[PDB]
Structure formats: C-alpha cells, structure tokens
Amino acid sequence: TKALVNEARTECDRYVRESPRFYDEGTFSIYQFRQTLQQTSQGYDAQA
Amino acid sequence: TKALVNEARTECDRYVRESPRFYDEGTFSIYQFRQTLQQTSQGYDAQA
Amino acid sequence: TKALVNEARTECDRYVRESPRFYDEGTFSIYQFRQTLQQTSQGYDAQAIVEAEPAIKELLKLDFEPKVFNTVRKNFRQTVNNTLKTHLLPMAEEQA
Amino acid sequence: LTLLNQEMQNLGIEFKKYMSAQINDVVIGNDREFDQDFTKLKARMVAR
Amino acid sequence: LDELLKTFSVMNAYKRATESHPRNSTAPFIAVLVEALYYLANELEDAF
Amino acid sequence: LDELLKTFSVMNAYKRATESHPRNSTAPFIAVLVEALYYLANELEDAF
C-alpha cells in the first residue's frame, strides 16, 4: 500500500505543470482580463 | 500607533492587484515562456 | 529507501519492452540469420553468429539510448524531490 | 509554569520552520552539497 | 474528472486564493488559474 | 524600493513558491509573477 501510494502521488504531481496545450490563442486569451480591467471592474471584487 | 498601522496596511494591500500598466506587449510578453517550453527546458527545473 | 527502490525498479521494467525504434531494416535485419542457416552453420553451435556481433551492438544503442536518457534526465529528478518532501514534512509535523 | 509551555509551543512551531527551510533548498538546488552528489549519480549511470 | 471539471466554478477557486495567503486580502486576476490547477489536481489525487 | 527591486532575482521568488504549497513540489512558470507581487509588496509593507 505504501509503495503504490507514493508512486501514485508522484505522477499526480506532474499534472500541475502546464503543457504547451495549456495555452492556445483561439481557445482562450489571458489578455481578455484587460477588457474587465479597462474601466470595467470598478470595485476590487471578482464578480465580473 | 494602531490607527496609522491599520491605515498603512490597507493601502499596502492595493499594490498587489495588477494595473493595466502591469501588462505591456513591448516591455514583456508572457508567451516567451513557450520558447523555454518548446523543447528548451528539458528537465522539470527553473534554471533556463 | 524502500519507496525510491520500488519506484526505480518499476521504471527499469519498461526498458525491456521493445519500442518501434528497436526494429529498423537498414540498421539490422532479423533475416540475415538465414544466411547463417542456409547451409552455413553446419553444427548445432553458435560460433558463426559471432560475425554479426558488431551490427547488433549498434542496434541496441539506438533502442536504449533515447529511453535511458529520457528517464534519468527528465523523470528521475522529479521523483526524488517530491518523494523526500511528501514524506519528510508529515513526519516533522507529527514530531510537533 | 504559566510561561514554561509557551516556550514549548514556540519550539514546535520553530522546529517545522527549520525543517521546511532545509528541505526547500534541496528542491531547487540551493544546497550545493546535494547537487555535487546528484551530478555524480547521473555521470555513473551514463558511463555505466 | 468529467464531473469534477463540469462543476468547476470561478466562485470556488477564488475562495482558496484568499485562504492560501493569511495576510493579503486581495488576489490578482491571474491567481484564478494557478489555484485552479492545484484545486483540480489535489482533488484528483485523493481519488486514486 | 529601488534597492529592493534592483536585487530582485528569479532565484528568490521561486524559493517562496515551493514553501507556500506544502504538498506540491513543482510550481508552474506562471507562478513566478504571482509570488513576485507578494514578495515585493509584503516586504515593502514592513518598511512603513
């Protein structure tokens, strides 16, 4: 049980790192937040 | 002393939020990491 | 020590399986033995096959060189770092 | 007696701090001693 | 995985961002993604 | 501020990223920026 648990956790630690597929211009743009920051999100909240 | 400390900390909490100036295509691009990820950073390290 | 030994052995069990690179017509042909069997190897021995030793050595290099380099360079480093932290910290917290 | 245990509690909190600092240095390579041994391990296998 | 990511909401990852930092009370917009990886990874790890 | 940001190094913010997350031992490339804000802000706050 100990051996498998350690091995399983080790693999589970590799998903966190972002692969090249994680970023895609068409699928999603990180810069659309500017549209929510350019006089759009008035208060210091996370609702918009 | 207590009043000023609380007031000073409150202002210090506003710097963390990123302003529009924080992002600038010419000054720096977030996508240059791909150049370090596209078969450049071989190991799971942070040296390159 | 037990955790790393088990993890290391598990990876070592994957090299045995042949990858597509293991076979290559130009690098080496499995059918050249016929040349040593078509009235060439008279006795039931394995002496004439020694002539093919230089060729097989290159073939094994091609198959294993990418796999071994892939593991030690990329995979091995991550396992050691995570394994040490995932076990040491909970022990330390229990010490408190 | 009302102060003896306060030192004990800080000892537990402080103990985790040192352990967390030492382990963190290994994950990134700050501990120069660990790196020297690690590179020795890689060289032997490749040479082997 | 299908059920976990289907129910994923921006009002669940941003909940953890404040918790992770006891002092700061204002997380950047970019912090949403980072917490998503760990929330979507650590939860997945427990399943195994 | 001038002295603080001048001495800023990638080998100081990435140090804190591992500490912030006791379980995960691999931070994404994007996490460098997030830790920079808090490291460059919390340190500045103590000055006041």
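Just so it is clear, none of the values below were taken in a lab; they were calculated from the coordinates. Ideal geometry is used to build each Cβ from the backbone, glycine not excepted, and the neighbour counts take in all protein chains shown.
Note on segment D:18-48: among residues that are under 23 Å from residue F:18 (Cα atoms), charged (D, E, K, R) and surrounded by fewer than 12 Cβ atoms within 10 Å (Cβ to Cβ), the one that is nearest to the other protein chains (Cβ to nearest Cβ) is D:37.
Are any of the residues in segment A:24-40 within 9 Å of chain E (Cβ to nearest Cβ), over 27 Å from residue B:38 (Cα atoms) and assigned to a loop (DSSP other than H, G, I, E, B)? No, every residue in segment A:24-40 fails to be within 9 Å of chain E (Cβ to nearest Cβ), over 27 Å from residue B:38 (Cα atoms) and assigned to a loop (DSSP other than H, G, I, E, B).
Checking the stated criteria, residue B:13 turns out to be of a type outside the set (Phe, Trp, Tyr) and closer than 18 Å to residue E:25 by Cα.
One line per residue, one yes/no per condition, for (1) surrounded by 12 or more Cβ atoms within 10 Å (Cβ to Cβ); (2) farther than 18 Å from residue C:78 by Cβ:
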position	(1), (2)
A:2	no, yes
A:11	yes, no
A:25	no, yes
A:34	yes, yes
A:47	no, yes
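Among the residues of segment D:5-16, is there at least one that is within 8 Å of another protein chain (Cβ to nearest Cβ), assigned to a loop (DSSP other than H, G, I, E, B) and surrounded by 10 or more Cβ atoms within 10 Å (Cβ to Cβ)? The answer is no; no qualifying residue exists. Residue check: residue E:4 meets all listed conditions (1) over 19 Å from residue F:18 (Cα atoms); (2) within 11 Å of chain A (Cβ to nearest Cβ) but one, namely (2). Restricting attention to segment E:8-34 and to residues that are away from chain A (no Cβ under 11 Å) and touching a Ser or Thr at 6+ places or on another chain (Cβ under 9 Å), the residue that is farthest from residue F:31 (Cα to Cα) turns out to be E:24. Residues in segment C:77-96 that are without any contact (Cβ under 8 Å) to a residue 60 or more places away in the chain, hydrophobic (A, V, I, L, M, F, W, C) and either in a helix (DSSP H, G or I) or surrounded by 15 or more Cβ atoms within 10 Å (Cβ to Cβ) (or both): C:84, C:88, C:89, C:91, C:92. For segment A:5-15, the count of residues that are of a type outside the set (A, V, I, L, M, F, W, C) and farther than 30 Å from residue C:1 by Cβ is zero.
Any idea which residue in segment A:13-23 is surrounded by the fewest Cβ atoms within 10 Å (Cβ to Cβ), counting only those that are outside any helix (DSSP H, G or I) and basic (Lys, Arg)? For segment A:13-23, the residue satisfying everything is A:14. Would segment C:52-71 turn up any residue that is small (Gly, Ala, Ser) and assigned to a loop (DSSP other than H, G, I, E, B)? Checking segment C:52-71: not a single residue is small (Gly, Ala, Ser) and assigned to a loop (DSSP other than H, G, I, E, B).
For segment C:13-22, a residue qualifies if it is over 22 Å from residue C:77 (Cα atoms) and touching a helix residue (DSSP H, G or I) at 6+ places or on another chain (Cβ under 8 Å), and the qualifying residues are C:18, C:19, C:21, C:22. Considered as a group, the residues in segment E:1-26 that are surrounded by fewer than 12 Cβ atoms within 10 Å (Cβ to Cβ) and among the β-branched types (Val, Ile, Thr) include one that is farthest from residue A:45 (Cα to Cα), and that residue is E:7.
Among residues of segment E:8-29 being within 12 Å of the chain's Cα centre (by Cα) and assigned to a loop (DSSP other than H, G, I, E, B), the one that is nearest to residue F:45 (Cα to Cα) is E:9.
If you go through segment C:43-75 and keep only what is within 10 Å of chain D (Cβ to nearest Cβ) and touching a residue at least 40 places away in the same chain (Cβ under 8 Å), you end up with C:68, C:71. If I ask for residues that are more than 7 Å from every other protein chain (Cβ to nearest Cβ) and among the hydrophobic types (A, V, I, L, M, F, W, C), which ones from segment B:1-23 would you list? Listed by number, the residues that qualify are B:3, B:4, B:5, B:22.
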